[PDB]
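A look at the structure
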There are 2 protein chains.
Amino acid sequence: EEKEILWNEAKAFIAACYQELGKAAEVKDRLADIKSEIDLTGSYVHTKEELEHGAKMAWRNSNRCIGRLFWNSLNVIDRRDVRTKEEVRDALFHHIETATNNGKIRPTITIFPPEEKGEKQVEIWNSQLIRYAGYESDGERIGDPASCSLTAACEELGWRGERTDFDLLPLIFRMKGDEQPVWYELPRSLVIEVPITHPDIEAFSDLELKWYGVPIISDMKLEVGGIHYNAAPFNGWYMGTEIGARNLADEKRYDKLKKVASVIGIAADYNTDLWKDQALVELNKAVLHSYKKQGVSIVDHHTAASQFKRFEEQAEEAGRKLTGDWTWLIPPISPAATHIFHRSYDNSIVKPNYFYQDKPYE
Amino acid sequence: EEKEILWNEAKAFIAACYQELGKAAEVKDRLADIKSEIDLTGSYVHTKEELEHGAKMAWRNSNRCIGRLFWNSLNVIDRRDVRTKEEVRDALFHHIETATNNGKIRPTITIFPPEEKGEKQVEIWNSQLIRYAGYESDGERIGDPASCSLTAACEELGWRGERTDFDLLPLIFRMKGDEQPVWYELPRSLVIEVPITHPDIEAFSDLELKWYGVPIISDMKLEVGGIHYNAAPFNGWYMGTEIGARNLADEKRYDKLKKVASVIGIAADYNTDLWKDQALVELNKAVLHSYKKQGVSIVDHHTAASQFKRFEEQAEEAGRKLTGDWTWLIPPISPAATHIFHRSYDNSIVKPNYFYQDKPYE
Ligand code: HEM
Ligand code: HEM
Ligand SMILES: N=C(Nc1cccc(OC[C@@H](O)c2cccc(NC(=N)c3cccs3)c2)c1)c1cccs1
Ligand SMILES: N=C(Nc1cccc(OC[C@@H](O)c2cccc(NC(=N)c3cccs3)c2)c1)c1cccs1
Ligand SMILES: [Cl-]
Ligand SMILES: [Cl-]
């Protein structure tokens, strides 16, 4: 029935994978084992090599990702053995610790057991493992609006935030068979944060801005050879503009441009003054300066685009078709100063890859 | 034969056009006249109203244009009567004069006779009526590289540029039946230019930058109800970023960022300093400041995006589907500070509209 779809993706993956691993001879027999394993059990289990390489391929095929040059150095933690919520929690804690690596961030993914019957084994509620809570009631707007609904979900379960602008959300997830998720407060020793200061403008610290060191996306599905790993959090390091041009800048996020304009001492009254643009540049300089000063890995959008240019060259000379989403590849500031802006990209979806899936809350 | 295609577009245009003009009753009879006129002559001639409204509709349907709020105030000059190159020249001169309007730019289009048998009556060689020449030989790079090939074509015909960085290209066009185009030097009294100065940084004038006041696109085809007006130059006013973030900024255009960085007194050594971004903002502030100070119409990208938001609202409440090209609608600086970035657009092509056509040179 539906089993047919699994087998097809399995054939396509193993061939491409073993070909890249120089194990092309091993394919016929590996596929055979898979064929009967699917027949008898409905599914099939990846080898360490298949899983590691598949997660790497998936990153390589992520059209919206400018950081793909480094796809082959992805650190893959295999946690398909977890059976308990204490094990899941500790796996998540460990991922944070090893990925952070005292500021010298290692791109890492932790892979939990895949969906069985489409039925999840572990269901992560966090959008990122480290994220700030958001509150909204009676005109009062506190923290990160992006987190408003998860925050309300957490507070249903007996969590309570301090209602600071930077409350760390607890880890929150649900195990198969449990009707309700559990939540665990993040140990503050695990979480690096960076205060935002400006290299030249000493008053920038009056804004009392900060951001977390490591963005760990925990709400996407890794799909590898027909196998659906809904729980598979991954991280890289930030590109500065993600923090300075979006998280802290967007009107629906922290909305700090008017405040930035004030501390940098420019008026925020006239569009033709380009005060938003000027505020953006200083905020973004501030962010890069602050991460580098603390010794936390970060990349600027120009360096990132140069790296991506190498990914493009690398893919061509390896005989691989390149795929990309121009609308996400261009940085939100000075995009025409990067080569990305001035070319176009095939937005075709190639598997393995990371996909969106529906939130369990709201 | 091919006549069928004309008739279809004709039916579609007249219906939509007269409907918008509140002349829906007049359609059946207008179409009838057209039907027999096509039968007897192979083509059909637009009324003043049809032509004017069609050029307006075409602008309204230009997916890449952020300035569309003002589509209905387009000033349409009907020059389908030209038969001579002195008439074409004078029509082009007049367009420049009336559109410039002493700096208070009127959006204007001059419409020349359409293609007959696919055969052009007037063939304009300029990409814009006012543009700077570009030269390239023996490492030496002078003027605007975008104009390198047209410039070489002009110099074939006995034109010679001064080889300044801002030589005005002559008007150059070809009449049906002539094997060769003619060129006419632009009278300098017709052409407003703006020296680029900075409001705060007095040394900015050392760059000796300038740009022309009015961008007059003269190489696109206006298509209205099956009729192909290949020669139909049009203008608006600039959005500042077109000059400051592209014409003067691009490495393949004037490439001035390093020089800007120098006069504004910041180092241009480290990506993480965001010196390109900072140079961009100051150059773009300089451009808006300079146009406004001279009294030449210009719009900043924030004001432009606000206007386009009104176009969006206006289209919806008029019951018209909106179409757009997100990749051209976002400004090349601070695009995430505009609403455009945060929504998406249907890039469908609706006629009437402006289309690319092949250059006659190179
Ligand atoms: C090593 C440093 C990395 C950098 C600097 C980087 C940079 C980025 C940036 C800027 C985005 C766009 C996000 C946005 O603008 O909203 C992005 C998207 C993405 N990146 Fe990366 N990335 C890195 C590593 C990774 C890793 C390790 C993975 C997974 C293994 C990954 C997978 C993705 C995916 C799936 C998206 C798209 C998410 C979506 O569609 O919403 N990246 N990356
Ligand atoms: C009134 C002031 C106007 C402003 C500020 C404006 C602004 C712009 C801008 C910024 C672009 C993109 C060009 C680029 O980034 O390379 C554009 C494209 C365009 N505009 Fe407008 N525009 C205006 C008036 C007009 C008029 C009067 C017409 C024709 C009647 C027009 C038709 C177009 C077309 C056809 C394009 C796309 C050209 C292409 O595909 O290469 N616009 N406009
Ligand atoms: N950036 C856009 N969308 C958007 C809007 C709001 C939030 C958002 O978060 C991405 C966030 O979830 C995310 C996803 C994937 C990677 C990152 N950033 C990172 N450095 C990494 C996290 C984990 C590995 S790399 C961040 C993306 C648009 C571009 C064009 C039109 S809209
Ligand atoms: N801007 C882009 N392409 C591009 C690259 C080089 C030159 C160029 O010139 C447009 C130039 O011919 C042009 C065309 C139409 C309008 C304008 N600008 C104006 N204000 C007007 C001229 C006439 C009426 S409005 C200018 C456009 C891209 C966006 C995203 C990916 S590439
Ligand atoms: Cl983020
Ligand atoms: Cl231009």
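The rules behind the values
Per-chain numbering applies: from 1 upward along each written sequence, possibly unlike the entry's numbering, with residues missing coordinates excluded. Lettering of chains starts at A and numbering of ligands starts at 1, both following the order in which they are written. The basis for every side-chain value is the complete set of heavy atoms in the structure, and neither hydrogens nor water enter the calculation. Labels follow the DSSP assignment, with helices taken as runs of H or I lasting at least four residues and strands as runs of E lasting at least two, numbered in each case from the N terminus. Only protein chains enter the calculation, and the probe is 1.4 Å; a residue is then buried if its accessible area is under 20% of its type maximum, exposed if over 50%, and partly exposed in between. Only heavy atoms enter the contact rule, under which two residues are in contact if any of them lie within 4.5 Å. Polar contact is defined as a pair of N or O atoms within 3.5 Å, subject to the rule that within protein one atom must be able to donate a hydrogen and the other to accept it, and that residues adjacent in sequence are counted only when both atoms are side-chain atoms. Think of the donor list as every N, O and S atom within 2.8 Å of the metal, or within 3.2 Å for Na, K and Ca; water never makes the list, so a site can look incomplete. A pair of strands counts as paired when DSSP detects no fewer than two bridges linking them. Note on method: axes are straight lines fitted to C-alpha atoms, helices fitted across the in-contact stretch only, with angles between N-to-C directions ranging 0 to 180 degrees. Just so you know, the copies are superposed with least squares on the C-alpha atoms alone. As a working definition, buried area equals the accessible area (1.4 Å probe) given up by two parts on being put together, with both sides summed. We count a salt bridge whenever a side-chain nitrogen from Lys or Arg sits within 4 Å of a carboxyl oxygen from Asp or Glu. Only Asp, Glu, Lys and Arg are considered charged in this grouping, and only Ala, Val, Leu, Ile, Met, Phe, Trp, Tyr, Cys and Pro are considered nonpolar; every other residue, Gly among them, is considered polar.

Per the deposition metadata, X-ray crystallography was the technique used to determine this entry, at a resolution of 1.981 Å.

This brings us to the environment of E312 of chain A. Residue and element names in this part refer to chain A. On the secondary structure map, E312 appears in helix α9 (residues 301–317). What makes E312 buried here is its relative accessible area of 9%. Here the alpha-carbon distance between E312 and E242, two residues 70 residues apart in the chain, equals 22 Å. Discounting residues that sit within four places of it in the chain, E312 has contacts with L322, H339, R343 and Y345. Only 2.8 Å separates the side chain of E312 from the side chain of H339, close enough to count as a polar contact. Within polar-contact distance, the side chain of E312 engages the side chain of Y345 at 2.5 Å.

Let's shift gears to the coordination of the iron atom of ligand 1. The protein supplies the iron atom of ligand 1 with one donor atom, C65 of chain A (SG), which lies at 2.5 Å. Here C65 of chain A shows up in the loop between α3 (48–60) and β1 (75–78).

The next point concerns the sheet that holds strand β7 (residues 182–184) of chain B. All names here are of chain B. Read across the sheet, 3 strands follow the order β3-β6-β7 without closing on themselves; strand pairing throughout is antiparallel. Since the sheet does not close on itself, it has two edges, and those belong to β3 (122–124) and β7, each with one partner. Strand-to-strand twist in this sheet, taken as the mean axis angle between neighbours without regard to direction, amounts to 30 degrees. As paired strands, strand β6 (residues 171–175) and β7 are joined by 3 bridges and run antiparallel to one another.

Here the focus is the relation of the copies chain A and chain B. In screw terms, the move from chain A to chain B is a rotation of 180 degrees and a rise of 0.0 Å along the axis, fitting with an RMSD of 0.0 Å. The symmetry that links the two subunits is that of a two-fold axis. Proximity to the rotation axis, assessed at the C-alpha, singles out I333 of chain A in chain A; its C-alpha lies 3.0 Å from the axis. Here 100% of the contact residues of chain A are again contact residues in chain B; the copies associate through an equivalent surface.

What follows is about the interface of chain A and chain B. Size of an interface: often given as the accessible area lost when the parts come together. Contacts between the two partners involve 31 residues from chain A and, on the opposite side, 31 residues from chain B. Counting each side, the surface lost to burial between chain A and chain B is near 2,700 Å², with a carbon and sulfur contribution of 63%. Interface area lost by chain A to chain B is led by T272, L274 and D277 of chain A, which between them contribute 19%. Here chain A and chain B share 0 salt bridges between them. Put simply, the parts of the chain that give the side of chain A that touches chain B at least two residues each are α8 (275–294), α9 and α10 (326–329) of chain A. Split by residue class, the side of chain A that touches chain B holds 12 nonpolar, 10 polar and 9 charged.

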